[PDB]
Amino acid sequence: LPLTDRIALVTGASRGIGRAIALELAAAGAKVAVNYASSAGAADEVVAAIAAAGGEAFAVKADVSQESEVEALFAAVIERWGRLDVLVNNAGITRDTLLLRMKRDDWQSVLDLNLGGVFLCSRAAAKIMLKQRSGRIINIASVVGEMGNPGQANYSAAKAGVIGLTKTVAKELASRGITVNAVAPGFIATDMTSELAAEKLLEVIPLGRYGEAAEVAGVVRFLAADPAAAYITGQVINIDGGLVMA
């Protein structure tokens, strides 16, 4: 099992894509730290399901937009298990509104969490991973970042910023063999980034359906665990049903 004796930290893992990722990394042998901010009951469920299928997991509370909370988050993982092999930055929110009506706090809270959180957690991971001379970071971005989407100037700015950040961090950490990649989901059935745009655009998803959380989790597991993915870095993989090919 490719992640036996490895540690994964997944941010915003109480539900949807993040929950699915936590499960798939555990399935593949990792001990998973399941981070949440408010969904504690759901987060406990994720730990219980990992325990149930034979793995090890624990839930850690932390608001990933907050610099000292991120410090305590990583400190808790190293204290429990001594190392960090895989970080998946998945935590994010939407606060949809046309730009004209977009209030500054709807811009800021999306930027601070979706982009700032990736910065804070990538910084903390880099320290530990540079010391190990190994690691893989996977950031969940989103096709909205590549193509834009009415109502979502904050979300798309953030997810595009996550893609740029991904590439810079790939270049800084490459000399130690640390890989840094992004997975860009399209519209996923149960973790829908824009429920309103899915409807309008279902007609032009070439595969004719929404994606599943478990599918996004597989591309993530591949990037995190497959030896072939040791040579992939600074990339964005769309899993979007052919939504964005350009």
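Each residue number is its position in the shown sequence, starting from 1.
S.K.: State which stretch shows the higher mean Cα B factor in the entry: 190 to 198 or 56 to 64.
M.R.: The stretch with the larger mean CA B-factor is 190 to 198.
S.K.: Which is higher on mean Cα B factor in this entry, 165 to 173 or 120 to 128?
M.R.: According to the PDB entry, the answer is 120 to 128.
S.K.: Comparing recorded Cα B-factors across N114, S156, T97, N139, which one is largest?
M.R.: Spelled out: the listed residue with the top C-alpha B-factor is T97.
S.K.: With respect to C-alpha B-factor, does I239 fall in the lowest, middle or highest third of the chain as deposited?
M.R.: CA B-factor rank for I239: lowest third.
S.K.: Give the position of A160 by CA B-factor within its chain, expressed as the lowest, middle or highest third.
M.R.: Tercile = lowest for this residue's CA B-factor.
S.K.: Could you tell me which third, lowest, middle or highest, the C-alpha B-factor of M102 occupies within its chain?
M.R.: For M102, the deposited C-alpha B-factor lands in the highest third.
S.K.: Can you work out whether the C-alpha temperature factor of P206 puts it in the lowest, middle or highest third of the chain?
M.R.: Highest third.
S.K.: Grab the CA temperature factor for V216 from the record and place it in the lowest, middle or highest third of its chain.
M.R.: Ranked within chain, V216 CA B lands in the lowest tercile.
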